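In case you want the letters, here they are:
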Amino acid sequence: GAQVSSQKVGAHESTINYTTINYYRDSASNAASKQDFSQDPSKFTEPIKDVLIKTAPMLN
Amino acid sequence: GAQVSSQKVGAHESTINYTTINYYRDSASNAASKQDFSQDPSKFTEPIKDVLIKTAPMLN
Amino acid sequence: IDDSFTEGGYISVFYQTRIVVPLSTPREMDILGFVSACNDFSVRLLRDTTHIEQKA
Amino acid sequence: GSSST
Amino acid sequence: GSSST
Amino acid sequence: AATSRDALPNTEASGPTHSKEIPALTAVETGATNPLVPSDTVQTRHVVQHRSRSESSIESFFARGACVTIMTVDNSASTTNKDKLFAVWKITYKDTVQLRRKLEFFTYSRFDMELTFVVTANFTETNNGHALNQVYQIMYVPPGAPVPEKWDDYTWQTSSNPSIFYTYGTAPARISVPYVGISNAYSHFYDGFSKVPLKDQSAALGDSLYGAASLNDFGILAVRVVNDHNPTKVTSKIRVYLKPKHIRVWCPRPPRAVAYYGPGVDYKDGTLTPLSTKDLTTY
Amino acid sequence: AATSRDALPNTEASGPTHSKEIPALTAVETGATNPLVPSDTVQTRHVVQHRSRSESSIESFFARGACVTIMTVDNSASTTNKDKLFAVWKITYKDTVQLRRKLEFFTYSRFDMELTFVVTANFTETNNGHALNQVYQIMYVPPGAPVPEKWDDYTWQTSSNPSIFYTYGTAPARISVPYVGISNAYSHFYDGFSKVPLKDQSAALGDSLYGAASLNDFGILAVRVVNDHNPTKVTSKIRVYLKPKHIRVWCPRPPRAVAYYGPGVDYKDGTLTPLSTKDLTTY
Amino acid sequence: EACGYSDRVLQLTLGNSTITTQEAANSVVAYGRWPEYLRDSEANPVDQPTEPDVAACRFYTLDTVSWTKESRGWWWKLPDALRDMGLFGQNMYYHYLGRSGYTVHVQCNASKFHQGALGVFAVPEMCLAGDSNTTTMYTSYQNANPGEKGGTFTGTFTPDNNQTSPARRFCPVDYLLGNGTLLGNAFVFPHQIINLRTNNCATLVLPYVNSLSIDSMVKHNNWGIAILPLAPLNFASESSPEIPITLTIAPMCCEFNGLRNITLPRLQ
Amino acid sequence: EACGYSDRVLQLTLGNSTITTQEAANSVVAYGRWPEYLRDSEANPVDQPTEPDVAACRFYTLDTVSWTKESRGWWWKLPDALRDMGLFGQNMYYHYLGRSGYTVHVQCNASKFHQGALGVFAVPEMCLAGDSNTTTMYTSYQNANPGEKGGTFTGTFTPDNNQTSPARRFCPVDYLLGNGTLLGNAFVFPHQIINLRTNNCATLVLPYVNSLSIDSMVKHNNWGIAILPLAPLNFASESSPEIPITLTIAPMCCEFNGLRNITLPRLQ
Amino acid sequence: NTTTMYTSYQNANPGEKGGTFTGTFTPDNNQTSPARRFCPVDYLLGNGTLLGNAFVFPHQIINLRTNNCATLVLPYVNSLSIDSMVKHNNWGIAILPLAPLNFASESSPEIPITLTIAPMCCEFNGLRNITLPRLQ
Ligand SMILES: CCCCCCCCCCCCC/C=C\[C@H](O)[C@H](N)CO
Ligand SMILES: CCCCCCCCCCCCC/C=C\[C@H](O)[C@H](N)CO
Ligand SMILES: *C(=O)CCCCCCCCCCCCC
Ligand SMILES: *C(=O)CCCCCCCCCCCCC
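Thresholds, definitions, all that
- Residues numbered from 1 in each chain as written, not as in the entry; some residues may be left out.
- Chains lettered and ligands numbered in written order.
- Part of a larger assembly, values for the part shown.
- Heavy atoms only, no water.
- Helix = DSSP H or I, 4+ residues; strand = E, 2+ residues; numbered from the N terminus.
- Buried < 20%, exposed > 50% of the residue type's maximum accessible area, 1.4 Å probe, protein only.
- Contact = heavy atoms within 4.5 Å.
- Buried area = accessible area lost by both parts, 1.4 Å probe.
- Salt bridge = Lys/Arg side-chain N within 4 Å of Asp/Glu carboxyl O.
- Polar contact = N/O pair within 3.5 Å; in protein donor to acceptor, adjacent residues only side chain to side chain.
- Nonpolar A, V, L, I, M, F, W, Y, C, P; charged D, E, K, R; others polar.
- Patch = residues over 30% accessible without salt bridge, like charges linked within 9 Å, V, L, I, M, F, W, Y side chains within 5 Å.
- Areas by Shrake-Rupley, 256 points an atom, 1.4 Å probe, with all protein chains shown as cover.
- Near = heavy atom within 4 Å.
- Pairing = 2+ DSSP bridges.
- Axes fitted to C-alpha atoms, helices over the stretch in contact; angles between N-to-C directions.
- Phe/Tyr/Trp six-rings, centres within 6.5 Å; stacked < 30°, edge-to-face > 60°.
- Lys NZ or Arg CZ within 6 Å of the ring centre and 35° of its normal.

(A) Seen up close, the overall build of chain F. Helices and strands together make up the secondary structure of chain F, namely three helices and 10 strands. Ordered by position from N to C terminus, the α and β elements of chain F give β-α-β-β-α-β-β-β-β-β-α-β-β. Summarising its shape, the C-alpha atoms of chain F cover approximately 90 × 60 × 45 Å along the three principal directions. Per-residue burial over chain F gives 47% buried out of 283 residues. A separation of at least 24 residues holds for 78% of the contacts in chain F among residues at least 6 apart in sequence.

(B) Representation of the interface of chain H and chain F in the model. Tallying the contact residues gives 62 residues for chain H and 47 residues for chain F. Counting the surface lost from both chain H and chain F, the interface buries some 4,600 Å², and carbon and sulfur atoms represent 60% of this. Among the residues of chain H in contact with chain F, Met137(H), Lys219(H) and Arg266(H) are the three that bury the most area, contributing 17% of the side total. Across the contact surface, chain H and chain F share two salt bridges. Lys77(H) is paired through a salt bridge with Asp191(F); the nearest N and O atoms lie 2.8 Å apart. The tally of links between chain H and chain F comes to 32 residue pairs in polar contact. For the side of chain H that touches chain F, the secondary-structure elements that each account for two or more residues are strand 8 (114-124), helix 2 (141-144) and strand 10 (191-195) of chain H. The element that contributes the greatest number of residues to the side of chain H that touches chain F is strand 10 of chain H, accounting for four residues. Residues that form the side of chain H that touches chain F fall into these classes: 31 nonpolar, 26 polar and five charged.

(C) Spatial organisation of a nonpolar patch on the surface. Residues and elements named next belong to chain J. A surface patch of nonpolar side chains, amounting to about 790 Å² of accessible area, comprises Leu72, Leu74, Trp91, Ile93, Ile95, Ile113, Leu115 and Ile117. In this structure, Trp91 sits in the segment after helix 1 (9-12). Residue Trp91 is classed as partly exposed on the basis of its relative accessible area, which comes to 33%.

(D) The side chain of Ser214(G), seen in detail. You can see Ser214(G) is positioned in the loop between helix 3 (203-206) and strand 8 (220-225). Apart from residues lying up to four places away in sequence, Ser214(G) is in contact with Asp3(C), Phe5(C) and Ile182(G).

(E) Highlighting the environment of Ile53(B). Within the secondary structure layout, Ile53(B) lies in the segment after helix 1 (42-45). By relative accessible area, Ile53(B) is classed as partly exposed at 42%. Once residues lying within four places of it in the same chain are set aside, the contact partners of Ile53(B) are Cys3(I) and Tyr5(I).

(F) Structural detail: the site of ligand 4. Near ligand 4 the following residues occur: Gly1(B), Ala2(B), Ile21(B), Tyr23(B) and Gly1(D). Nearby residues around ligand 4 are contributed by chains B and D. Within the backbone of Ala2(B), a nitrogen or oxygen atom sits 3.3 Å from an oxygen atom of ligand 4. Within the complex, the protein chains bury 37% of what would otherwise be the 470 Å² of accessible surface of ligand 4.

(G) View of the site of ligand 2. Residues and elements named next belong to chain G. In the region of ligand 2, 15 residues are neighbours, and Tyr93, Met113, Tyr186, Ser187 and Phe218 sit closest. For ligand 2, whose accessible area on its own is 610 Å², the fraction buried by protein is 93%. Elements with a minimum of two residues in the shell around ligand 2: strand 3 (106-123), strand 6 (173-177) and strand 7 (186-187).

(H) Here's a closer look at the interface of chain A and chain G. Listed as interface residues are 25 residues of chain A and, on the opposing side, 32 residues of chain G. A per-residue breakdown of the area chain A buries against chain G is headed by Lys8(A), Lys54(A) and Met58(A), which together make up 28% of the total. Taken together, chain A and chain G are joined by one salt bridge. Its salt-bridge partner being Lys54(A), residue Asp40(G) comes within 2.9 Å of it at the nearest N-O pair. The interface formed by chain A and chain G contains 13 residue pairs in polar contact.

(I) Inspection of the arrangement of the chains at higher detail. When the 22 pairs of chains in contact are compared, the highest contact count belongs to chains F and H. Contact between chain C and chain D is absent, and the minimum C-alpha spacing across the pair is 25 Å. The closest approach of any C-alpha atom in chain B to one in chain E is 8 Å; the two make no contact.

(J) Representation of the sheet that holds strand 1 (residues 2-6) of chain A within the structure. Judged by pairing direction, the sheet is mixed, and its three strands sit side by side in the order 2(A)-1(A)-1(E) without closing on themselves. The open sheet terminates on both sides in strands that have one partner only, identified here as strand 2 (17-20) of chain A together with strand 1 (2-4) of chain E. The average undirected angle you get between the axes of adjacent strands in this sheet is 25°. In terms of strand pairing, strand 1 of chain A meets strand 2 of chain A through four bridges, oriented antiparallel.

(K) Main features of the pattern of salt bridges. For the structure shown, the criterion picks out 32 salt bridges over all chains. As a salt-bridge pair, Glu123(J) and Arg45(F) come within 3.2 Å of each other at their nearest N and O atoms. Of this pair, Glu123(J) sits in the segment after helix 1 while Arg45(F) sits in the loop between strand 1 (17-19) and helix 1 (58-62), each in a different chain. Overall, the relative accessible area of 52% leaves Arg45(F) in the exposed class. A salt bridge links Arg39(I) to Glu36(I); its shortest N-O distance comes to 2.9 Å.

(L) Broad picture of helix 1 (residues 86-94) of chain I. For helix 1 of chain I, the complete set of buried residues consists of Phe88(I), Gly89(I), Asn91(I), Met92(I) and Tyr93(I). If you follow the buried residues of helix 1 of chain I, they end up packed against strand 4 (60-61), strand 7 (95-107) and strand 13 (242-259) of chain I.

(M) Main features of the environment of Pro16(F). Relative to the helices and strands, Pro16(F) resides in the segment before strand 1. In this structure the C-alpha to C-alpha distance between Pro16(F) and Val42(F), which are 26 residues apart in sequence, comes to 8.1 Å. Excluding residues within four positions of it along the chain, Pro16(F) makes contact with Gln43(F), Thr13(I) and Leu14(I).

(N) Structural context of the sheet that holds strand 9 (residues 151-152) of chain H. Residue and element names in this part refer to chain H. Pairing is antiparallel in the open sheet, where five strands are placed in the order 9-6-12-8-10. Looking at strand neighbours, the two that pair on one side only are strand 9 and strand 10, the edges of this open sheet. By the bridge criterion, 10 bridges tie strand 8 to strand 12 (residues 223-235) in an arrangement that is antiparallel. Bridging from a neighbouring strand, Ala122 pairs with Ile225 of strand 12.

(O) Just the packing of aromatic side chains, in detail. In this structure the tally under the stated criterion is 42 aromatic pairs over all chains. Judged by centre distance (5.0 Å) and plane angle (85°), the ring pair of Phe34(C) and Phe187(H) falls under edge-to-face. Residue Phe34(C) is classed as partly exposed on the basis of its relative accessible area, which comes to 44%. Exposure remark for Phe187(H): the relative accessible area of 17% places this residue in the buried category. Cluster of aromatic residues (ring-pair linked, three or more members): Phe193(F), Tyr210(F), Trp75(H), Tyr141(H) and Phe170(H). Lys102(F) extends its terminal NZ or CZ atom over the ring of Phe61(F), reaching a point 4.8 Å from the ring centre.

(P) Local environment of the pairing of strand 13 (residues 242-259) of chain H. All names here are of chain H. Along strand 13, 14 of the 18 residues are buried, which leaves the element largely enclosed by surrounding structure. Alignment of strand 5 (residues 65-68) against strand 13, held across four bridges, turns out to be antiparallel. Considered in strand 13, the bridge of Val65 is made with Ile245. By the bridge criterion, 11 bridges tie strand 7 (residues 95-107) to strand 13 in an arrangement that is antiparallel. Bridge pairing links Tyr102 to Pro251 in strand 13.

(Q) Quick look at the pairing of strand 2 (residues 17-21) of chain H. All names here are of chain H. Of the two faces of strand 2, the one holding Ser17, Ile19 and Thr21 is buried and the one holding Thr18 and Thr20 is not buried anywhere. Bridge count for strand 1 (residues 10-14) against strand 2 is five bridges, and the pairing is antiparallel. Within the sheet, the bridge partner assigned to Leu10 lies in strand 2 and is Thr21. Between strand 1 and strand 2, which pair antiparallel and follow one another directly, the connecting turn spans two residues, one of which, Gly15, has a positive phi of 60°.

See below:
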């Protein structure tokens, strides 16, 4: 049941990996994976009904 | 001898699993798996000799 | 517990017409009521009850 | 070795 | 057994 | 194959009805509970139900350590009118009330028992002095084995009884025990006697307590401070926590509604009014 | 598939421009922010960008334990006008300010909660004396369970409430709890009341606090020293650290700009001037 | 059924005995388990069992009691209530061990102008509370075991204050089910209700229930039968109505081990 | 049915409401037509209709009236009787146009020793006669529309002789069905009879009926409900018996057009 | 500043007339008969956070030289799928003068502001008798 993932290596001395085994039945007991996703800011930065083309007039 | 099972994940950050190894000869020393079964309440809720059809008269 | 935010509402019983009896019959009687859960009912967060104690 | 549930 | 990410 | 953590049934959408099908009408005299769901008496929408009964499985309902006793010991000089105090406790879940009430929702049970021991000590006299770190011996003595009479007698040798030597200030001690009953299940209630009174015998000779089975059901725990005494007095307490693991239960019962009064089902005068005033037509 | 630790976009080289394309001109009335990058208004070189937003992911921004309370207990002899001190705390992140301000960048959240307990003790009186190592009981009592009235009453039995027995001087205690909200997310702000005032009812009867939902939202932690008292007095404090693991957040908000004043959004007179003097044309 | 078969009309035949009813409310099989003989894989005493079959597995009628406006309720214990019933009782007192299931049929008819409702409960291990607040678990064998006459419930707890000569009997308070739990919850035990407008009987088929495959019938009662007026008897405008209640019980799949000389108990 | 289904035992469920009956005499669907929404080929107003569905198509119970030996009969008009019933009433007063069908359930139980028979009639366009012989067609809107309290029939025509301040109300004579035709013929309208020895209710499912697909519910009543004692109430030898009559009515497939501000009628 | 979270239901819920912002916080000093109303200071967005940051909420600006209206389509937002509309408000609409009204050289200009709002995809559960709230 071991999960093997890669580290993003900062300062250096191949891919270096690390291992993780969950010891408990409840997912709430798990550590945080930090393997997170990013999304585009559009729902906050461009919430307009008509798609904005930046080279065009915003008002036409 | 490792047993690998899945967690039911509540709050989220695939299937996440966890690992279990029994360290002792006596099953009494084991942790509880919590992998339990459910049954229908009928032996307590409908202990009648003739099967009850809920849309029908209970007394005919 | 009693909590306004998670209040459930009101159960009540009324006479729709009236109880009618012939002569030679009791004019008053009892009804008994029962409550039970449906198959979609569940509970969570286990806790101690206030329904038993042990003073000293 | 391993068992999977 | 093992999972690789 | 339906597991405790499976989601409960979906609500199916249902519309208006006008027929000879009569779900709402029933007859509780039969001894049955009417198996209705909302779509039987009202119009419903379709709902995909995600809730589960995972936390109310018998295992989950009991998956907690409960305090069943507090044992007191000391480490004092034994003197002609008073000896160093060791403790003896008859193993039971009926000295406290909370776990007892939960187990008594059922008539019979089978489980592996986990015992955890929390140990605390203090000085009782004013003086300055000191004590060095105490080691405790928790000896199980099963029915028939010699119960200790003195903190230091031969029985504490434990060649066959299981003992835990616990060091003060370390993690609480813990052991497991299998289902050890002499029956196929533990009886939370025994409607009987351990003796038949015979006519040809005196009443005294045939007598026995109501509802009691084996006089020494499970034996005793004997606890002592192993250290010799200090000039200063130290009192300690051993709190025992019981958790029923790998549990099965049979025959449901109404829960205890008035205060416990002894190891049996007896009740005390003046405690028999659980319910409170509330008017019939007052919400 | 774009991950938090991916490098941000490269700068692409761009040269002189003379056209009807007008990136620099915009109209903020629309409610949109102009999506420009340097190559839209100046000449740029090609740069291979290696920086990432890994440390500002919602998880990483919150991946720290914060102190949410300090509980005080003692181990003193209970005497007719004063009892041994145990502590009771209503679980919340709003008694302190730092984690509160971070969570309040958002309207709603979901997370698993990690609680870590740091425990420190000291002597309060002058005398020489001693105390032996203390064990603490941290009991969670959820809304509805009997809150302890005395350091030694029946509720500390914990047959169903979760308790931690912590030994002084060992590693700080720690447990995790899942997302336990009765809603699909935690509400950092609730613009409403828990009661509707009805006309047919007295004002008192329909009244409730603004912005408050369940009166006992999450229950209490009750903490005690399990040991009996020493001749010498020892006071202890339990510092509680909360870390939100596996977190999701919704609807961003401007951060708190004036001092917190209670569990709501209220502010105190005299604290409403966050900004400082600086002249318009002074760098 | 279009041939006329009804939920309300039943016939039960065991041994040389038959019960008919024309106003039943179906019948109950406790915990959905019909009585059975002891299986080899669950067997414990190794000697050949006796299985008297029709000689003991037949309907025995106990003494009829009377229901009135002042009645608080009645109780019986099994096998105690049948200890003197023909060859069943004999087999019971001749053997160390015995196991048995039962068909319990409670009978109570009245008229379309009477009203009232009896809760009829079969309780596994029906331990009742004693009359004492000076000594707990003190009810004597003789008072715990009334035989066929059974005992009764009371609406009032009253502690025995004779310390010299204690009564040593039960004091089973009705709303506390005689055992410290609320009567309104007794419906989790296998039950039926005789509601006079609906039905005139209750029928409960009880399996042998115990934490053992077989045990001492003389020392231990497996089941308790508790009958309590959930709604009081009433008729026309009579101030003092009465209607009888009769208990008929049949042992089922009973077997016995450990034959010796007969047990002669001290019952008074 | 061999599973027990009966003509006499019914359950009706509409919205959050359920009616049960154990002594029905089947149920009637007026003119064999079940209620329906307005079809596109018959549609007339072009705006999107509102269809409140469960919020309005549910059982509303009106005020209970009392049947005695002196009762001559009762009447109600639809939709008038429901004008103040929850969201149905709201939808009605907010829209110019509205159409609706109905399930009408009249309730009246008594005992095996009582007797009497109520004729329950659903009449399309139930125009009633006025109290005047000085001015015809003079019953005021307020008196024509009692709302849920309904009106009553009389055994006697009595002309309003106040010419200064005319009563302007109906004077509906029972044997003339309140409209100048003989009551014995009212059975050509969709009906049921509550004959106390046989049944304790009447159930009529009424389609929307009109010479238009949709109309002003506020100006026009589509159906009238007339309840008359065909055989008078009687019990044992009591001179003054009484039993209640309750009306519960549910709108069905109702839709509304022409939304504006709410109508506030002069009802007194 | 004597009792927090004290604004009454009646003052929290003005209905269609709405409320207003103020440039000045002023604490209610009547302890006998508290006003129990909000005191929403404009540069603090009526809630203790800076107005300059309110642009992280869905917004538009009516800048008179550019446009004469604002249109915001709002989804149902809540930590629940459905809730008590009578006990709880899901959205707040805040309109503040970012740049003050001005006209020619008139000292006292006025122009009207009208709010028109349409509910969308609304659904209701738990039908009973009508709620009659204490609004004054
Ligand atoms: C070194 C310490 C070892 C401790 C070993 C303890 C072994 C004895 C366990 C006894 C099991 C007790 C279970 C609970 C009680 C009974 O179930 C009830 N009275 C019903 O029979
Ligand atoms: C043995 C110790 C167990 C401790 C268990 C604590 C369980 C209760 C956790 C409550 C979760 C609190 C989360 C924070 C607060 C709320 O999110 C805000 N007021 C918004 O609703
Ligand atoms: C998957 O896990 C199979 C490989 C097992 C590797 C060794 C596990 C190390 C100890 C795990 C203890 C589990 C904790 C309950
Ligand atoms: C099955 O168990 C084979 C795999 C072994 C995995 C590593 C085991 C980790 C240490 C186990 C100690 C066992 C305790 C007596």
